[PDB]
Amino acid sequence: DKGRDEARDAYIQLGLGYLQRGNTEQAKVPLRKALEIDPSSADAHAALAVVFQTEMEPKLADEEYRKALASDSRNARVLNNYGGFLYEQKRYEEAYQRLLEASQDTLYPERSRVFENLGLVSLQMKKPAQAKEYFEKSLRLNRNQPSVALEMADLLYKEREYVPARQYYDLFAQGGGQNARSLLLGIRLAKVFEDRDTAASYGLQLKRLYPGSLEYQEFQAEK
């Protein structure tokens, strides 16, 4: 430490600040300074990686993520962000392992999010049964996550388990957020439980956006 930690952490925040803005170029200055104080600064490298990840420089980003991991091997936040990065580069098998390593930290406040990601990566790898188990782990840690509930509902609707699916969809409805997809599910669900009211009520399809989406089309045909 030697007070250096404070100085380093400050340069990092300053760097993150510029990042949260979009001035990826200016952020580098403070981050590089933090790095001069602590060459093995996990956060410094991690921050620096998000920058390169932003400037569309996957190669440098990946390099910086590895550098961060080479210090705080038990840094769930970085592991999780790297997993998100790996997910974009479509390197699923690797994302899965990083996220799976991130979930080991039982104290990480966002551990429930880590399980969500693991579920999302399992879907892309064509492993529904595995994804469902992870989405469940996520709700097991915090039932109040509408996005995770939406994924549970969709997975259940496809197995034709309409009752538990509706239950999870309602858990997702209490969030107010809705997209073309979640709306088509709600309609299809309300249609199963003979709820012609709520079904039509989701007129948010035609208007309220998504007027020319596939979901809106399916709605028309199945209507």
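In this text, residue numbers run from 1 along the sequence as written.
Asks: Would 6-14 or 199-207 have the larger average of its C-alpha temperature factors, as given in the entry?
Replies: Per the deposited B-factors, the answer is 199-207.
Asks: Using only C-alpha atoms and the B-factors in the entry, which stretch averages higher, 90-98 or 70-78?
Replies: Of 70-78 and 90-98, the stretch with the higher C-alpha B-factor average is 70-78.
Asks: Which one, 62, 36, 43, 154, has the peak C-alpha temperature factor per the PDB entry?
Replies: If I rank 62, 36, 43, 154 by C-alpha B-factor, first place goes to 36.
Asks: If you check the C-alpha B-factor for each of 50, 184, 165, 56 in the entry, which is highest?
Replies: If I rank 50, 184, 165, 56 by C-alpha B-factor, first place goes to 56.
Asks: Just say lowest, middle or highest third for the CA B-factor of residue 193 relative to the other modelled residues in its chain.
Replies: Residue 193: CA B-factor falls in the highest third of its chain.
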